[PDB]
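Raw contents of entry.cif, mmCIF, N, CA and C atoms and all ligand atoms:
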data_target
#
loop_
_atom_site.label_atom_id
_atom_site.label_comp_id
_atom_site.auth_asym_id
_atom_site.auth_seq_id
_atom_site.Cartn_x
_atom_site.Cartn_y
_atom_site.Cartn_z
N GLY A 1 24.69 -4.74 -16.58
CA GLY A 1 23.50 -5.39 -15.99
C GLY A 1 22.76 -4.45 -15.05
N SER A 2 21.43 -4.55 -14.99
CA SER A 2 20.56 -3.64 -14.21
C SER A 2 20.56 -3.92 -12.69
N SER A 3 20.92 -5.14 -12.27
CA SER A 3 20.99 -5.58 -10.87
C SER A 3 22.40 -5.47 -10.27
N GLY A 4 22.48 -5.25 -8.96
CA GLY A 4 23.74 -5.16 -8.20
C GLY A 4 23.59 -4.45 -6.85
N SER A 5 24.60 -4.59 -5.98
CA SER A 5 24.66 -3.98 -4.64
C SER A 5 25.38 -2.62 -4.59
N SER A 6 25.97 -2.17 -5.71
CA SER A 6 26.78 -0.95 -5.83
C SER A 6 25.93 0.33 -5.95
N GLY A 7 25.17 0.65 -4.91
CA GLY A 7 24.32 1.85 -4.82
C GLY A 7 23.92 2.22 -3.38
N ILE A 8 23.42 3.44 -3.20
CA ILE A 8 22.99 3.99 -1.90
C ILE A 8 21.55 3.57 -1.53
N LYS A 9 21.18 3.77 -0.26
CA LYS A 9 19.81 3.59 0.26
C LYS A 9 19.33 4.86 0.96
N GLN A 10 18.16 5.35 0.56
CA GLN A 10 17.49 6.54 1.10
C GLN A 10 16.02 6.23 1.43
N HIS A 11 15.38 7.01 2.30
CA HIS A 11 13.99 6.77 2.74
C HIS A 11 13.11 8.02 2.79
N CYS A 12 11.81 7.84 2.56
CA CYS A 12 10.78 8.84 2.78
C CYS A 12 10.52 9.03 4.28
N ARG A 13 10.09 10.25 4.63
CA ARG A 13 9.82 10.72 6.00
C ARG A 13 8.35 11.08 6.23
N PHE A 14 7.51 10.78 5.23
CA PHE A 14 6.09 11.16 5.16
C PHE A 14 5.17 9.97 4.82
N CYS A 15 5.68 8.96 4.09
CA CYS A 15 5.01 7.67 3.82
C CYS A 15 5.91 6.42 4.00
N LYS A 16 7.16 6.61 4.46
CA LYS A 16 8.15 5.58 4.85
C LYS A 16 8.58 4.59 3.75
N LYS A 17 8.43 4.96 2.47
CA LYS A 17 9.02 4.25 1.31
C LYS A 17 10.56 4.29 1.33
N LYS A 18 11.18 3.47 0.49
CA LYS A 18 12.65 3.39 0.28
C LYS A 18 13.02 3.59 -1.19
N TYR A 19 14.14 4.28 -1.42
CA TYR A 19 14.65 4.70 -2.73
C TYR A 19 16.15 4.42 -2.88
N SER A 20 16.59 4.12 -4.11
CA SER A 20 17.99 3.79 -4.45
C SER A 20 18.85 5.02 -4.80
N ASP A 21 18.26 6.21 -4.86
CA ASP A 21 18.94 7.48 -5.15
C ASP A 21 18.22 8.66 -4.47
N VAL A 22 18.97 9.63 -3.93
CA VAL A 22 18.42 10.80 -3.23
C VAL A 22 17.62 11.73 -4.15
N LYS A 23 17.98 11.82 -5.43
CA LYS A 23 17.24 12.62 -6.43
C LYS A 23 15.90 11.99 -6.77
N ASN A 24 15.82 10.65 -6.79
CA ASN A 24 14.56 9.92 -6.98
C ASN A 24 13.65 10.05 -5.75
N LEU A 25 14.23 10.03 -4.54
CA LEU A 25 13.52 10.37 -3.30
C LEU A 25 12.99 11.81 -3.31
N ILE A 26 13.80 12.80 -3.71
CA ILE A 26 13.37 14.21 -3.75
C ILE A 26 12.28 14.43 -4.81
N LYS A 27 12.36 13.75 -5.96
CA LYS A 27 11.29 13.71 -6.98
C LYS A 27 9.98 13.12 -6.42
N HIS A 28 10.06 12.06 -5.61
CA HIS A 28 8.91 11.52 -4.88
C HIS A 28 8.35 12.53 -3.87
N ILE A 29 9.19 13.15 -3.04
CA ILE A 29 8.78 14.14 -2.02
C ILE A 29 8.05 15.32 -2.67
N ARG A 30 8.64 15.96 -3.69
CA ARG A 30 8.06 17.16 -4.34
C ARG A 30 6.78 16.89 -5.15
N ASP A 31 6.51 15.63 -5.49
CA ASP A 31 5.28 15.21 -6.16
C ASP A 31 4.17 14.78 -5.18
N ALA A 32 4.52 14.01 -4.15
CA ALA A 32 3.56 13.35 -3.25
C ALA A 32 3.30 14.09 -1.92
N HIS A 33 4.24 14.92 -1.45
CA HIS A 33 4.21 15.51 -0.09
C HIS A 33 4.45 17.03 -0.08
N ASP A 34 5.42 17.52 -0.86
CA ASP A 34 5.84 18.92 -1.04
C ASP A 34 5.84 19.76 0.27
N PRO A 35 6.75 19.46 1.22
CA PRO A 35 6.78 20.08 2.55
C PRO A 35 7.22 21.56 2.57
N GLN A 36 7.57 22.14 1.41
CA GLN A 36 7.98 23.54 1.27
C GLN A 36 6.80 24.53 1.22
N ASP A 37 5.56 24.05 1.09
CA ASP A 37 4.32 24.85 1.08
C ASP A 37 3.96 25.48 2.44
ZN ZN B 1 6.71 9.50 0.62
#
Translate the structure described by the file into C-alpha cells.
Ligand SMILES: [Zn+2]
Amino acid sequence: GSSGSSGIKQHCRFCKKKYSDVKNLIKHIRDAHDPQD
C-alpha cells in the first residue's frame, strides 16, 4: 500500500516546503534554488 507512517521527514530552507525523502528534497533544492552557484 502507498500510505503509511514508516518514513522520514525533511524540509526546505529556501521556500519552507516538506519532503518524505532527503533525495527528493535535494532534487527540489538543485532545481528550484541551487545554492552551490
Ligand atoms: Zn524549496
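With distances taken over all atoms listed in the file, A:16 is the one residue among A:9, A:23, A:16, A:30 lying closest to ligand ZN 1 (chain B).
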Return as a Markdown table the residues of chain A lying at most 5 Å from ligand ZN 1 (chain B), together with the closest atom-to-atom pair for each and the distance in Å to one decimal, counting only N, CA and C atoms and all ligand atoms, with rows in chain order and ascending residue number.
| residue | atom | partner | partner_atom | distance |
| --- | --- | --- | --- | --- |
| A:12 | CA | B:ZN1 | ZN | 4.7 |
| A:14 | C | B:ZN1 | ZN | 4.5 |
| A:15 | N | B:ZN1 | ZN | 3.7 |
| A:16 | N | B:ZN1 | ZN | 4.8 |
Mind dumping the selected residues with N, CA and C atoms as a PDB file, in the coordinates of the input?
ATOM      1  N   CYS A  12      11.810   7.840   2.560  1.00  0.00           N
ATOM      2  CA  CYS A  12      10.780   8.840   2.780  1.00  0.00           C
ATOM      3  C   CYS A  12      10.520   9.030   4.280  1.00  0.00           C
ATOM      4  N   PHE A  14       7.510  10.780   5.230  1.00  0.00           N
ATOM      5  CA  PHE A  14       6.090  11.160   5.160  1.00  0.00           C
ATOM      6  C   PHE A  14       5.170   9.970   4.820  1.00  0.00           C
ATOM      7  N   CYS A  15       5.680   8.960   4.090  1.00  0.00           N
ATOM      8  CA  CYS A  15       5.010   7.670   3.820  1.00  0.00           C
ATOM      9  C   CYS A  15       5.910   6.420   4.000  1.00  0.00           C
ATOM     10  N   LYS A  16       7.160   6.610   4.460  1.00  0.00           N
ATOM     11  CA  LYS A  16       8.150   5.580   4.850  1.00  0.00           C
ATOM     12  C   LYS A  16       8.580   4.590   3.750  1.00  0.00           C
TER      13      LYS A  16
END
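Taking atom N of residue A:8 and atom C of residue A:20 as the two end points, the separation is 5.1 Å.
The space separating atom N of residue A:6 from atom C of residue A:21 comes to 13.4 Å.
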Excluding same-chain residues fewer than 2 positions from residue A:22, what lies within 8 Å of it counting all atoms listed in the file, as a VMD selection string? chain A and resid 8 to 11 19 to 20 24 to 28
Take the residues that were just selected and, keeping N, CA and C atoms, output them as an mmCIF file, in the coordinates of the input.
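What landed in part_33.cif:
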data_model
loop_
_atom_site.group_PDB
_atom_site.id
_atom_site.type_symbol
_atom_site.label_atom_id
_atom_site.label_comp_id
_atom_site.auth_asym_id
_atom_site.auth_seq_id
_atom_site.Cartn_x
_atom_site.Cartn_y
_atom_site.Cartn_z
ATOM 1 N N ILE A 8 23.420 3.440 -3.200
ATOM 2 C CA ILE A 8 22.990 3.990 -1.900
ATOM 3 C C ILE A 8 21.550 3.570 -1.530
ATOM 4 N N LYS A 9 21.180 3.770 -0.260
ATOM 5 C CA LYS A 9 19.810 3.590 0.260
ATOM 6 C C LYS A 9 19.330 4.860 0.960
ATOM 7 N N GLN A 10 18.160 5.350 0.560
ATOM 8 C CA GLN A 10 17.490 6.540 1.100
ATOM 9 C C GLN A 10 16.020 6.230 1.430
ATOM 10 N N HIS A 11 15.380 7.010 2.300
ATOM 11 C CA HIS A 11 13.990 6.770 2.740
ATOM 12 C C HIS A 11 13.110 8.020 2.790
ATOM 13 N N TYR A 19 14.140 4.280 -1.420
ATOM 14 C CA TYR A 19 14.650 4.700 -2.730
ATOM 15 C C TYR A 19 16.150 4.420 -2.880
ATOM 16 N N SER A 20 16.590 4.120 -4.110
ATOM 17 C CA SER A 20 17.990 3.790 -4.450
ATOM 18 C C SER A 20 18.850 5.020 -4.800
ATOM 19 N N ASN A 24 15.820 10.650 -6.790
ATOM 20 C CA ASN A 24 14.560 9.920 -6.980
ATOM 21 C C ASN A 24 13.650 10.050 -5.750
ATOM 22 N N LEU A 25 14.230 10.030 -4.540
ATOM 23 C CA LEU A 25 13.520 10.370 -3.300
ATOM 24 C C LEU A 25 12.990 11.810 -3.310
ATOM 25 N N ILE A 26 13.800 12.800 -3.710
ATOM 26 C CA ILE A 26 13.370 14.210 -3.750
ATOM 27 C C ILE A 26 12.280 14.430 -4.810
ATOM 28 N N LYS A 27 12.360 13.750 -5.960
ATOM 29 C CA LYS A 27 11.290 13.710 -6.980
ATOM 30 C C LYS A 27 9.980 13.120 -6.420
ATOM 31 N N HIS A 28 10.060 12.060 -5.610
ATOM 32 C CA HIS A 28 8.910 11.520 -4.880
ATOM 33 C C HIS A 28 8.350 12.530 -3.870
#
From chain A, collect each residue whose DSSP state is alpha helix (DSSP H) and return the set as a ChimeraX atom specification. /A:22-32
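Atom CA of residue A:2 lies 27.6 Å from atom C of residue A:32.
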Just need the box for stretch 30-34 of chain A, edges along x, y and z, holding every atom the file lists for it with 4 Å tacked onto each side, so centre and edge lengths in Å to one decimal, as JSON.
{"center_x": 6.0, "center_y": 16.6, "center_z": -2.9, "size_x": 13.3, "size_y": 14.4, "size_z": 14.4}
List every residue of chain A that DSSP, applied to the backbone, labels as strand (DSSP E), and write the result as a ChimeraX atom specification. /A:10-11,18-19
Restricted to N, CA and C atoms, what does chain A look like when written out as an mmCIF file, in the first residue's frame?
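This went into decode_7.cif:
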data_model
loop_
_atom_site.group_PDB
_atom_site.id
_atom_site.type_symbol
_atom_site.label_atom_id
_atom_site.label_comp_id
_atom_site.auth_asym_id
_atom_site.auth_seq_id
_atom_site.Cartn_x
_atom_site.Cartn_y
_atom_site.Cartn_z
ATOM 1 N N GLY A 1 0.833 -1.223 0.000
ATOM 2 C CA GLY A 1 0.000 0.000 0.000
ATOM 3 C C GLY A 1 0.857 1.258 0.000
ATOM 4 N N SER A 2 0.392 2.319 -0.669
ATOM 5 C CA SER A 2 1.145 3.576 -0.854
ATOM 6 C C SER A 2 1.177 4.484 0.388
ATOM 7 N N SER A 3 0.217 4.332 1.307
ATOM 8 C CA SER A 3 0.099 5.098 2.559
ATOM 9 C C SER A 3 0.721 4.376 3.766
ATOM 10 N N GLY A 4 1.200 5.151 4.747
ATOM 11 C CA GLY A 4 1.792 4.652 5.996
ATOM 12 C C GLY A 4 2.679 5.682 6.709
ATOM 13 N N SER A 5 3.004 5.415 7.977
ATOM 14 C CA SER A 5 3.855 6.263 8.837
ATOM 15 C C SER A 5 5.348 5.881 8.826
ATOM 16 N N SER A 6 5.716 4.782 8.157
ATOM 17 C CA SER A 6 7.073 4.207 8.118
ATOM 18 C C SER A 6 8.008 4.935 7.132
ATOM 19 N N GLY A 7 8.296 6.212 7.398
ATOM 20 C CA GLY A 7 9.189 7.058 6.597
ATOM 21 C C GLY A 7 9.701 8.294 7.348
ATOM 22 N N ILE A 8 10.741 8.932 6.804
ATOM 23 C CA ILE A 8 11.382 10.132 7.377
ATOM 24 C C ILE A 8 10.654 11.433 6.990
ATOM 25 N N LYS A 9 10.976 12.529 7.689
ATOM 26 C CA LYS A 9 10.516 13.896 7.381
ATOM 27 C C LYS A 9 11.711 14.840 7.228
ATOM 28 N N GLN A 10 11.758 15.561 6.110
ATOM 29 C CA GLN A 10 12.787 16.545 5.753
ATOM 30 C C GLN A 10 12.135 17.861 5.291
ATOM 31 N N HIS A 11 12.858 18.986 5.341
ATOM 32 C CA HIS A 11 12.317 20.308 4.983
ATOM 33 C C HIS A 11 13.256 21.164 4.118
ATOM 34 N N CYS A 12 12.663 22.012 3.273
ATOM 35 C CA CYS A 12 13.354 23.064 2.537
ATOM 36 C C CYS A 12 13.749 24.215 3.476
ATOM 37 N N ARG A 13 14.831 24.895 3.099
ATOM 38 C CA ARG A 13 15.469 26.001 3.837
ATOM 39 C C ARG A 13 15.427 27.330 3.074
ATOM 40 N N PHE A 14 14.707 27.338 1.947
ATOM 41 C CA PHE A 14 14.649 28.432 0.973
ATOM 42 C C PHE A 14 13.200 28.810 0.591
ATOM 43 N N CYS A 15 12.259 27.853 0.653
ATOM 44 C CA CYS A 15 10.807 28.070 0.495
ATOM 45 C C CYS A 15 9.922 27.342 1.546
ATOM 46 N N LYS A 16 10.553 26.674 2.526
ATOM 47 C CA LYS A 16 9.942 26.031 3.713
ATOM 48 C C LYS A 16 8.926 24.901 3.439
ATOM 49 N N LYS A 17 8.983 24.268 2.259
ATOM 50 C CA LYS A 17 8.259 23.019 1.940
ATOM 51 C C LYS A 17 8.739 21.840 2.803
ATOM 52 N N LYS A 18 7.980 20.741 2.781
ATOM 53 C CA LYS A 18 8.291 19.466 3.462
ATOM 54 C C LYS A 18 8.296 18.285 2.485
ATOM 55 N N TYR A 19 9.220 17.350 2.702
ATOM 56 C CA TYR A 19 9.502 16.187 1.853
ATOM 57 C C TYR A 19 9.641 14.892 2.671
ATOM 58 N N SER A 20 9.245 13.763 2.077
ATOM 59 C CA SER A 20 9.274 12.428 2.708
ATOM 60 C C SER A 20 10.602 11.671 2.519
ATOM 61 N N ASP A 21 11.546 12.231 1.753
ATOM 62 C CA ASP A 21 12.875 11.662 1.500
ATOM 63 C C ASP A 21 13.907 12.775 1.228
ATOM 64 N N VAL A 22 15.133 12.623 1.742
ATOM 65 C CA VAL A 22 16.212 13.616 1.582
ATOM 66 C C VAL A 22 16.676 13.769 0.130
ATOM 67 N N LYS A 23 16.621 12.704 -0.676
ATOM 68 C CA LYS A 23 16.968 12.756 -2.108
ATOM 69 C C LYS A 23 15.916 13.519 -2.916
ATOM 70 N N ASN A 24 14.639 13.418 -2.536
ATOM 71 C CA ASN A 24 13.555 14.201 -3.143
ATOM 72 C C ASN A 24 13.660 15.692 -2.756
ATOM 73 N N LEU A 25 14.040 15.985 -1.504
ATOM 74 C CA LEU A 25 14.394 17.339 -1.062
ATOM 75 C C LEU A 25 15.593 17.903 -1.847
ATOM 76 N N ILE A 26 16.672 17.138 -2.021
ATOM 77 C CA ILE A 26 17.866 17.596 -2.752
ATOM 78 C C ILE A 26 17.554 17.824 -4.239
ATOM 79 N N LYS A 27 16.716 16.974 -4.851
ATOM 80 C CA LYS A 27 16.179 17.172 -6.209
ATOM 81 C C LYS A 27 15.359 18.466 -6.322
ATOM 82 N N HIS A 28 14.544 18.788 -5.315
ATOM 83 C CA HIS A 28 13.847 20.075 -5.223
ATOM 84 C C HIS A 28 14.832 21.252 -5.101
ATOM 85 N N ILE A 29 15.815 21.177 -4.194
ATOM 86 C CA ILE A 29 16.816 22.234 -3.978
ATOM 87 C C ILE A 29 17.597 22.527 -5.263
ATOM 88 N N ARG A 30 18.166 21.513 -5.925
ATOM 89 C CA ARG A 30 19.001 21.698 -7.132
ATOM 90 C C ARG A 30 18.227 22.161 -8.374
ATOM 91 N N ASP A 31 16.900 22.028 -8.372
ATOM 92 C CA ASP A 31 16.018 22.522 -9.436
ATOM 93 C C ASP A 31 15.496 23.947 -9.168
ATOM 94 N N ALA A 32 15.066 24.225 -7.932
ATOM 95 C CA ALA A 32 14.350 25.452 -7.564
ATOM 96 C C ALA A 32 15.226 26.558 -6.937
ATOM 97 N N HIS A 33 16.366 26.210 -6.327
ATOM 98 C CA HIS A 33 17.172 27.129 -5.504
ATOM 99 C C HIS A 33 18.674 27.124 -5.858
ATOM 100 N N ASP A 34 19.253 25.938 -6.077
ATOM 101 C CA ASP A 34 20.654 25.659 -6.435
ATOM 102 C C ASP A 34 21.697 26.558 -5.715
ATOM 103 N N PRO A 35 21.865 26.405 -4.385
ATOM 104 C CA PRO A 35 22.713 27.273 -3.556
ATOM 105 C C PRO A 35 24.229 27.096 -3.779
ATOM 106 N N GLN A 36 24.646 26.175 -4.657
ATOM 107 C CA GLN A 36 26.053 25.918 -4.995
ATOM 108 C C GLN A 36 26.638 26.923 -6.014
ATOM 109 N N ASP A 37 25.800 27.757 -6.646
ATOM 110 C CA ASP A 37 26.196 28.801 -7.614
ATOM 111 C C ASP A 37 26.954 29.990 -6.979
#
